[PDB]
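Peer 1: Those letters in the sequence shown? Residues -3 to 36, 41 to 298, by the authors' numbering.
All C-beta atoms, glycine included, are put in the ideal place defined by N, C-alpha and C.
Below is a structure I'd like to ask you about.
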Amino acid sequence: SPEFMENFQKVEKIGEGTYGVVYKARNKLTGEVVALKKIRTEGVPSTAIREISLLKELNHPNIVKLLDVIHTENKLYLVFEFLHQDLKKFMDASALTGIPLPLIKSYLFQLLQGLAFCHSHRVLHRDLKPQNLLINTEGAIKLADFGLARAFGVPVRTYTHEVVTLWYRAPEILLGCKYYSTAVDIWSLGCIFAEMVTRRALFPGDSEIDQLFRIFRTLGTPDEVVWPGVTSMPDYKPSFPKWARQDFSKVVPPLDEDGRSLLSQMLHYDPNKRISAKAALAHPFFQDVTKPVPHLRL
Ligand SMILES: O=S(=O)(O)c1cccc2cccc(Nc3ccccc3)c12
Ligand SMILES: O=S(=O)(O)c1cccc2cccc(Nc3ccccc3)c12
Ligand SMILES: O=S(=O)(O)c1cccc2cccc(Nc3ccccc3)c12
C-alpha cells in the first residue's frame, strides 16, 4: 500500500467488460492473482459519483469483490478478486447436455439473493446477462459488470446497438418508461432462468422494436387488462401487431408447474406485479435448493 500498477504482472486477458477490459494479473508482492479492469472522459456527474459510491458500499457473497481502486494518469484500475469463469461460458461448455437443474436452482437462488441485497440498498444492476455472472470453483455465482444510469467514463464493449444487452431488457424500458424500478432486474433474470433451462436465449432481438416484437410474440401483446398504462407509454404504438400469449409448456418445455409459476412471475409485463427478488426467494421452486459444485475443466 499504496498499490501501484507496476506491482502487478499481467497474466492473460480474461474478458471484455462493458466499461473496460479485464486481465488476470499477479500481485508481485503477495503472489495473489486478481482481476484488473482498466477504465479510461472528464467531469463525472454528481449523480454518477453517488451511484458508484453506493455500489462500492456493497459487500455480499454474490457480488464480485472489489479490492482496491488504483488511480493513474486519467486511468483507473479496478482490482477485483480473481474469477475467470462465467455463466455464459459455462452454459456453452454445457450446451450438449445443459446445466443440471440443481445448479440452475442454486445459481438462480444466489443471483436473487445478490439482487435482493442490491435492491434493498437502492442499487440496481440494469444490465444482467449470462456473460457478466461470474462463477467460482466452490459453486458461488456473482453479479458483475453493473450498468449505469448516468455516464462519465467510456463504454468499451460493442453489444450496445448490436444483439446482446437488448436480449435481457425489460419491456417498460423498451417502451420508454423514464422512471423504471428494480423490477427491470427481475425481468432480465427471468430471461436468464429460461435460457439456462432451454439452452437458448429467450428473446434474441437485434433492435429495440425487434426485441419488443419477440417478447410480444411469446408473452402476448400486452393490453390495458394485463398491464394497466401500457397503451400510454412513450413508445407504445397502437399499430403493434396483436399476438396471443404462448404456453410455457412450449416456451420452456423442461419446466414443471413450480418452475413455470416462478418464471411467469419474473416475466410479468406489469412491473408493479412482477415478483420482487426477496419474494422470489420464498417461491416453492427453491424448496430443495442446495449448493452444488460445478464441473469445470480447471
Ligand atoms: O470513486 S472511485 O473509487 O475512484 C471509482 C471506482 C470505480 C469506478 C469508477 C468510475 C468512474 C469514476 C470513479 N471515480 C473517480 C473519482 C475521482 C477521480 C477519478 C475517478 C470510479
Ligand atoms: O468485466 S466484468 O464482468 O464486469 C468483471 C468484474 C469483476 C471481476 C472480473 C474478473 C474476471 C473477468 C471479468 N469480466 C468478464 C468479462 C467478460 C466475460 C466474463 C467475465 C470480471
Ligand atoms: O465493474 S463492476 O463489475 O460493475 C463492479 C463490481 C463490484 C463493485 C463495483 C464498485 C464500483 C464500481 C464498479 N464498476 C464500475 C466500473 C466502471 C463504471 C461504473 C461502475 C463495480
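State the DSSP-derived secondary structure class of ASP256, mapped to helix, strand or coil.
Peer 2: The three-state secondary structure of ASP256, taken from DSSP, is coil.
Peer 1: Grouping DSSP H, G and I as helix and E and B as strand, with all else coil, what is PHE248?
Peer 2: helix
Peer 1: Going by Cα to Cα distance, which pick from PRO253, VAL252, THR221, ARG214 is closest to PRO238?
Peer 2: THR221
Peer 1: DSSP has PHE80 in a bridge; who is on the other side?
Peer 2: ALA31, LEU66
Peer 1: Is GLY43 near ligand 3, going by C-beta to nearest heavy atom under 6 Å?
Peer 2: no
Peer 1: Measuring straight from C-alpha to C-alpha, what distance separates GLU172 and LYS178?
Peer 2: 9 Å
Peer 1: Cα separation between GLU138 and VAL293?
Peer 2: 5 Å
Peer 1: Taking Cβ positions, are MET266 and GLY190 nearer each other than 7 Å?
Peer 2: yes
Peer 1: By the 10 Å Cβ neighbour count, where 16 or more other Cβ atoms means buried, how is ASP256 classified, buried or exposed?
Peer 2: exposed
Peer 1: DSSP state of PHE146, grouped into three classes?
Peer 2: In the three-state DSSP reduction, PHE146 falls in the coil class, being neither helix nor strand.
Peer 1: Counting Cβ pairs closer than 8 Å, one from the region 71 to 81 and one from the region 238 to 247, do we hit at least three?
Peer 2: no
Peer 1: What residue range is occupied by the uninterrupted alpha helix (DSSP H) comprising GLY190?
Peer 2: Its alpha helix (DSSP H) spans residues 183 to 198.
Peer 1: Rounded C-beta distance between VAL252 and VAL197? I'm assuming under 8 Å.
Peer 2: Indeed, because the Cβ distance is near 5 Å, the residues count as touching under 8 Å.
Peer 1: Considering only the beta carbon of each residue, do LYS6 and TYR15 sit closer than 7 Å?
Peer 2: no
Peer 1: Among the residues of its own chain, which have a CB less than 6 Å from the CB of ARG150, if the five just before and after it don't count?
Peer 2: For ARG150, where only same-chain residues beyond five positions count, the Cβ hits under 6 Å are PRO45, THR47, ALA48.
Peer 1: For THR160, is the classification buried or exposed, using 16 other Cβ atoms within 10 angstroms of its Cβ as the cut-off for buried?
Peer 2: exposed
Peer 1: Look up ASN3 in the DSSP assignment and say whether it is helix, strand or coil.
Peer 2: Here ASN3 sits in helix by DSSP.
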